[PDB]
Each structure stands twice: as structure tokens, then as C-alpha cells.
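This report concerns only the one structure given below.
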């Protein structure tokens, strides 16, 4: 009986580690990667337009 | 001397810009590729987790058919 | 107050706008509804020089004081302005460099996520194998 | 300076939405809200958020504040009172980052 | 450049994502979370000594629904669900 109990405990621990591994990781990241690719494709407008955003006090 | 150390510590500047733009484009390509690789790895890990799940339901069926 | 163009934004004109777009595609309030068109190595070798000159002028400004000092301070002014010119040449270049840095960081982050999850999974597998090696 | 142009007039008007007290003065009115004209004008001023009209926007806030108001006119004194406190919390941090 | 990418993406999302009231004015994955809760209960219930009139049960989506017949126009069936196990 004692031996059987031990094996049951081991199985329980394995299951718990599994649930953790499932909570660690999926399609939302792929969608954000697609939208990110849509955002990267231009930098030339930002390298010449973002320079004028550093000099500007709020309008009065 | 601090000014001399700073002008000598600035990153390597160039007289041309094609280098910088080229670097930017390359970095973009690397970004796309590494994103795809991430996707693949996530898929594989999902599969493995499915397998060890399967093992666990095997055990649960065992003890369930056992003690009661 | 508000611009006068607001007086041309009635619901009827908004109902007449699509057909006016299709007709104009082939002067009035509906033109006020249409948006307006759009109007039409390097310096690091010289900076040192300029720097070296600045001190050389300062010494002069020290060695004069007499009413000669005025003339000297003029030259000093010119030197400082030159410095500003070179820095202007550093305004856009550094910006592009910053962009480069950002992108590189993104790459690294990408790989790191996967690496994390990977090592976790490995640990799990090893643990299970150990339990197996104790029964039979 | 000579006579203005509708592009610069609408540009300065949409850029005036970055000021908080000016938007407060626009919302605390009683005549410009009786007829569906100012709302359709604000909803019309959404073309500045798209290129190449976005290349002339100096203040990034006025655009998003416009999208907020256009987001609020679809669905009286109280909410109008509600917005400025929050934006007031937001302002000074950006001001610190500017200079 | 962050604000440049923000105005490229229409707006300035750091303002609503940082402001509270401004954010107040501005499905298959959840289903799998219920099935993971029965695998934890099923092994502890599987180990303990379940009484004889309770050997028959039906594991429902996120619970254990077990029956035993009586009367009063119904059947003596209950739904059980918990969390601890240690």
C-alpha cells in the first residue's frame, strides 16, 4: 500500500509541472507578429519626420 | 580631456548613408525571419505538451480504475 | 472660435458628397467637404582642430587684459559658431544610428523568449524519465 | 504675412486641439452643438492621421484627442467635466520629457 | 522614434495605456482551462476510498456530477468541484 501511495504522489507532481508548462506558452503572438510585419514595411519617413518632434512646448 | 574622451568614444560615423540604410533593411529582414522561427518552436513545444498530457490521462485512468 | 468651413458640413451635403466625388473624378460647399491638397574620415577630424583653436583664443583673451579685448572676443564668437555647425551634422546621423540599435534589440528579444520556454520543457522530460527508471 | 490657405487654417485648428483649455472652451458651448455640423467637421478632420497628412502634424496629442472626441460624440456637462482631470494627470510627464 | 511609429499607427497609444479614466473612455483557449481542473481532482478522488453508493459518477466539463436515485420528482445528484489536494 505504501509503495502505491508513493507512485501516486509522483504522478501528481508530474501533472502539476505539466499545467505550469501549459500556462507558460499562442496565436495572439502570431497575429501581433503579422501586424508587426505590416508596421515594419517606412523608416525613411520616421528618420526625417521624427526629428521635428524633439523641439516641441504645448500650443497656447 | 573629457571632451577628447567623448569625441573618441562616439560610435563610428561615416561620410555616406547607404551603409546605415542597408543596416536598417538587413535588421528588418532578420526580424521577420526570427519571428517565423519563434512560431515554429512554439508549435513543436505545444506538440510535446500534448504528448505528456496524454501520459497523464493514462495514469489517471489507471488509479481511477484501481482504488474505488 | 471655429473655422467658417464648419458651416458647410450639413447632413444634406454629406448625402450629396459621394455622387460629387464620382462626378468630380470624371467652387462649392462640397469642395469644402473635400480635403485640401498637400503643399509642395569626417567632421571629427576638424572638431579637434576647432577645439584646439578655442583654448588658443582663450589664452589670448587672458593675455590682453587695456581696450584691445573687444577685437579678440569677436574671433572667439566665430569659433563657437563653427562647433555648432558640426553638431548640426551630427543631428540626423545619430538618429539613424539609434534606429539601428532599436532593431538589433528587437532581434535579441525575439530569440530570448523561445530559449526560455525551451529550457523549461527539457527539464520536464528529464524528470519523467527518472521516475520510469525506478519501477521495473 | 499674406492671405492664409485652408490647409494651414485646418492644420492650425486641428493642432489647436493639443491645448487642454482650448478643448475645454470648445466643449463648454451651447450653440455649436444644436446642429450636426461641428461633430461632422471633427469627424472630417480625421484625414490628418493618415499619410502624407501625418507628415505635417507637429503635436502627436491633438490627433489622438480628436479620435477621442470623435469616439465620444457617437454615443452632457458631466463627462465633459470628466476628461480634463485625467489628461491633467498625464501632461507634466511629457513636458518633462520634451526639453 | 517610438512616437513616430505611434503617429504612423494612428494616435499615441501610450496615453490611453498609461491613463486610467482615458482608458475608461477610449474564446477557445478559455474553454481548455476547465478541463485541466478535472485531471487534478480525478487522481485524488481516484486514490481515496470512495463509498460504494458513489462509485458511479459522470465527469462533466469542469466538475464531477454524481447521482443516486430517490424521489421528490428528482434524483439525488450533486455537482462537486474544489481546488486543494495536498
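Chains as they are written, first to last, in my numbering: chain A, 1 to 60; chain B, 1001 to 1068; chain C, 2001 to 2136; chain D, 3001 to 3099; chain E, 4001 to 4086. The beta carbon of each residue, even a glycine, is placed where N, CA and C say it ideally should be.
Within the stretch 2065-2096 of chain C, the residues whose Cβ lies closer than 7 Å to some Cβ of chain B are 2093 and 2096, listed in chain order.
In terms of Cβ geometry, residue 1056 of chain B and residue 17 of chain A do not form a close pair [threshold 8 Å]. DSSP, reduced to helix, strand and coil, places residue 51 of chain A within a helical segment of the structure shown. Distances from the alpha-carbon of residue 3039 of chain D to those of D:3057, D:3055, D:3029 and D:3070 put D:3070 closest.
Under the three-state reduction of DSSP, residue 4065 of chain E is assigned to strand. Taking a beta-carbon distance threshold of 8 Å, residue 14 of chain A counts as an interface residue toward chain B.
Distance between residue 1002 of chain B and residue 1008 of chain B, taken at the CA atoms: about 10 Å.
Around residue 4047 of chain E, the beta-carbon contacts reaching into chain A at under 7 Å are 8. For residue 4078 of chain E, there is no enclosing alpha helix (DSSP H); the enclosing beta strand (DSSP E) has its first and last residue at 4078-4080. The alpha carbon of residue 2040 of chain C has as its nearest neighbour, out of D:3064, D:3053 and D:3066, the alpha carbon of D:3053. Taking C-beta separations shorter than 7 Å and ignoring five residues to either side along the sequence, the partners of residue 4040 of chain E in its chain run 4085, following chain order. 3049, 3054, 3057 and 3060: these are the residues of the stretch 3042-3060 of chain D whose beta carbon lies less than 7 Å from some beta carbon of chain E, given in chain order.
In this structure, the beta-carbon distance from residue 2091 of chain C to residue 51 of chain A falls below 8 Å. A residue is called buried once 16 or more other Cβ atoms fall within 10 Å of its Cβ, and residue 2115 of chain C, having fewer, is exposed. DSSP places residue 4060 of chain E inside the beta strand (DSSP E), whose first and last residues are 4058-4060. In the structure shown, residue 1001 of chain B adopts coil according to DSSP, grouped into three states. Looking from the CA of residue 3037 of chain D, the closest CA among C:2098, C:2038 and C:2009 belongs to C:2009. Burial is judged here by how many other beta carbons sit within 10 angstroms of a residue's own beta carbon; residue 4053 of chain E has fewer than 16 and is exposed.
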